[PDB]
Every structure is written in structure tokens, then in C-alpha cells.
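First comes the structure, then the notes that go with it.
What's counted below: heavy atoms across the whole structure, side chains too, no hydrogens, waters or symmetry copies. In what follows, every chain begins at residue 1, and chains take the letters A, B, ... in the order their sequences are listed.
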Amino acid sequence: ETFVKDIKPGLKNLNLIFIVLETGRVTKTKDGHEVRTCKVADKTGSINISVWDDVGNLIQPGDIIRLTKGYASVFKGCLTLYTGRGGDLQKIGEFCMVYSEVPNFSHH
Amino acid sequence: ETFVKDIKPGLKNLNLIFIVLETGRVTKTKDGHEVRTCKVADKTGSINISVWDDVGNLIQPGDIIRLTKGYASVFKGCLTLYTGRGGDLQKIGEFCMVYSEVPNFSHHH
């Protein structure tokens, strides 16, 4: 497999599994596009991915995602992942909240 | 049952079921004791509660808790719940994290 530590500026056809650590806040380009920076990672480290428009709304921290045919470049100083137009982002994992009753555990 | 909106300063023997919205933050005294103030609520509204030392530290957001014999005062200008002596906090509900495999959901479906 490919690892985040092995990612450098100019890399191409990146096939990479990662987990979302952070979902940054969305900014707007000159042409009305919504762009959002996410901090994603594997055990070998973290990296930024730039995500565009509605894809941005489909991502939460904890999400396990497979990137296909991605590429890396520098944007405003930061190393950044991008989805290739002939590629894909695939969610293969997520963490969910489940309610559980508790037998009157006392804090004291 | 009692509801947050009906709580005034000086009201004692407060029995109240609430959910924790914010675990809030920690004030530490010079004698080494910590109090963390949380933001809790019911359908009628929210309110602050201060908890000392170990009591409030496996309090998590989403927790459903019952306070017995609590009392209401003013702290840092805000209406605040305290646990009165002879009182208790009981965790009766919680939300826990579980993993969920996703069968290949393309983000460009």
C-alpha cells in the first residue's frame, strides 16, 4: 500500500486509504465553488486534502476513505491531496453514536 | 417533574433530569481542587452546573443525568446548579461510539 509519509509534491495516480482527522471550514472561490480543507492521516502521518463543493458535505471526522487515482501538489505552502477527475473517493468506514441506558451510575 | 426554565437562584432541593451539552471547562484552586463547569439542558432550556474533582470527569457530552438535592445560585453572572450535600448525580443515559463498515460509497456517485 501507499503511505502518507511517502507522499511528495508531484505524485500521481495515488491510491491511498486514510481516516479523516479534521474537516476544516469552507471557503469560496471567485467562481462560487465551495472548497474545504480536511486533515486526513494514516499511522505514518497526516496530510491535507482539498475537497470541492458537495463532496465537502459528505465528510466527517472518523470517516475511513479510499482515494483512487489521486495526486499531490503544493497549495499556499501546504502539501495537498486531490481527487483525480478519472478517480474517486470511497467511504469504506465511519464511526456512529449509539444510545445506551445506564443503570443509575452515581458520580460521587 | 422540574424543568430548567422554572429554576431560580435560591431554589433548593432541586431534582432534575438533564442532558450534558458541554463538558465546559476547569477552574483550579490554589489548594489543588478542580471544579469544571458544564452546560446542561432539557427541552425548556439550558443551565450551567459546577462539579468538583472526580465527580464531573467521566461526565461526557450526551450524558443523561439525574441530579438530586441540587441548588441554584449565581456564579460568574450565570445561573448555576450545584450538588448539595446529601445530593447525588446519576448517569442514566449515554451515547457510545461504534464502528460501521460502509460498502464502498463513492463520493462522486
Side-chain angles (χ1 to χ4, degrees), chain A residues 1-29 31-100, chain B residues 19-28 36-39 41 46 56-63 94-109:
Chain A
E1 293 85 356
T2 315
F3 300 98
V4 172
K5 64 169 181 175
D6 299 331
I7 297 179
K8 286 288 246 149
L11 289 195
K12 183 201 314 320
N13 299 329
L14 287 169
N15 297 345
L16 179 80
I17 295 184
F18 52 77
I19 177 173
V20 177
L21 297 193
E22 297 169 25
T23 57
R25 271 181 20 180
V26 48
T27 69
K28 233 152 190 173
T29 68
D31 316 344
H33 277 138
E34 275 183 356
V35 186
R36 175 191 333 254
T37 282
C38 298
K39 183 182 180 182
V40 309
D42 54 26
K43 87 206 297 171
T44 77
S46 64
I47 192 180
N48 280 358
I49 185 170
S50 272
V51 168
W52 294 64
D53 302 317
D54 211 44
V55 185
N57 306 316
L58 295 173
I59 301 181
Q60 296 268 324
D63 289 353
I64 316 289
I65 292 180
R66 189 200 312 278
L67 167 65
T68 275
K69 294 187 184 66
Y71 62 93
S73 289
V74 187
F75 176 77
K76 300 188 75 177
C78 283
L79 192 60
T80 304
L81 284 195
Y82 299 93
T83 322
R85 189 143 50 168
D88 202 354
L89 280 181
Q90 286 178 315
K91 184 172 299 185
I92 65 181
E94 70 178 5
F95 289 91
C96 295
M97 298 161 31
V98 169
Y99 180 78
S100 167
Chain B
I19 183 183
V20 175
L21 305 188
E22 297 175 38
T23 42
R25 228 198 309 180
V26 171
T27 291
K28 191 162 70 67
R36 69 179 308 118
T37 299
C38 305
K39 182 183 175 188
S46 61
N57 302 22
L58 42 73
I59 288 185
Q60 307 293 334
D63 284 350
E94 70 180 352
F95 291 89
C96 294
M97 225 156 267
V98 299
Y99 178 70
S100 187
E101 279 182 60
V102 179
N104 287 321
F105 182 72
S106 181
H107 288 182
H108 320 72
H109 348 295

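- Annotation: the span from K8(A) atom NZ to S73(A) atom OG amounts to 13.0 Å, rounded to 0.5 Å.
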* **Pair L16(A)-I7(A), side-chain contact (heavy atoms from CB on, under 4.5 Å): steps then yes or no** => CA-CA 10 Å; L16(A) 179 80; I7(A) 297 179; 3.8 Å; yes
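- The NZ atom of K39(B) lies 13.5 Å from the OG1 atom of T37(B); values are rounded to the nearest 0.5 Å.
- A side chain to side chain donor-acceptor pair (under 3.5 Å) with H108(B) is found for one member of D54(A), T83(A), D88(A) and no other, namely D88(A).
- Looking only at distances, a side-chain donor or acceptor of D53(A) sits under 3.5 Å from a matching main-chain atom of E34(A).
- To the nearest 0.5 Å, atom CD1 of residue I59(A) and atom NZ of residue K91(A) are 7.0 Å apart.
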* **Step-by-step side-chain contact (heavy atoms from CB on, under 4.5 Å) determination, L58(A) to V51(A)** => CA-CA 10 Å; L58(A) 295 173; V51(A) 168; over 6 Å; no
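- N57(B) and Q60(B) get closest at one heavy-atom pair: O-NE2, 4.1 Å.
- Nearest approach of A41(A) to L21(A), heavy atoms of both residues: CB-CD1, 3.8 Å.
- Rounding to the nearest 0.5 angstrom, the gap separating the CG atom in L67(A) from the CG atom in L81(A) is 6.0 Å.
- Separating the CD1 atom in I17(A) from the CZ atom in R66(A) is a distance of 4.5 Å, to the nearest 0.5 Å.
- Judged by distance alone, the side chain of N48(A) and the main-chain N or O of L79(A) form no donor-acceptor pair under 3.5 Å.
- Residues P61(A) and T23(A) are in side-chain contact: their nearest non-hydrogen atoms beyond the backbone lie under 4.5 Å apart.
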* side-chain contact (heavy atoms from CB on, under 4.5 Å) between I47(A) and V40(A): does it pass, once the steps are laid out? -> CA-CA 6 Å; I47(A) 192 180; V40(A) 309; 3.7 Å; yes
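- Aromatic ring pairs are classed by plane angle as parallel below 30°, tilted from 30° to 60° and perpendicular above 60°; the pair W52(A) and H33(A) is perpendicular.
- Considering every non-hydrogen atom in both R36(B) and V26(B), the closest pair reads NH1-CG2, 3.3 Å.
- A heavy-atom distance below 4.5 Å is found between the side chains of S100(B) and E94(A).
- At least one donor-acceptor pair under 3.5 Å links the side chain of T80(A) to the backbone N or O of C78(A).
- The two residues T2(A) and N15(A) come nearest to each other via the heavy atoms OG1-O, 3.4 Å.
- Between the side chains of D42(A) and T44(A), at least one donor-acceptor pair of N or O atoms lies under 3.5 Å.
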* To do: Please assess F18(A) against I64(A) for the test side-chain contact (heavy atoms from CB on, under 4.5 Å), listing each intermediate value before the final yes or no.
  => CA-CA 6 Å; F18(A) 52 77; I64(A) 316 289; over 6 Å; no
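- Between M97(A) atom CE and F95(B) atom CZ the span is 5.5 Å, to the nearest 0.5 Å.
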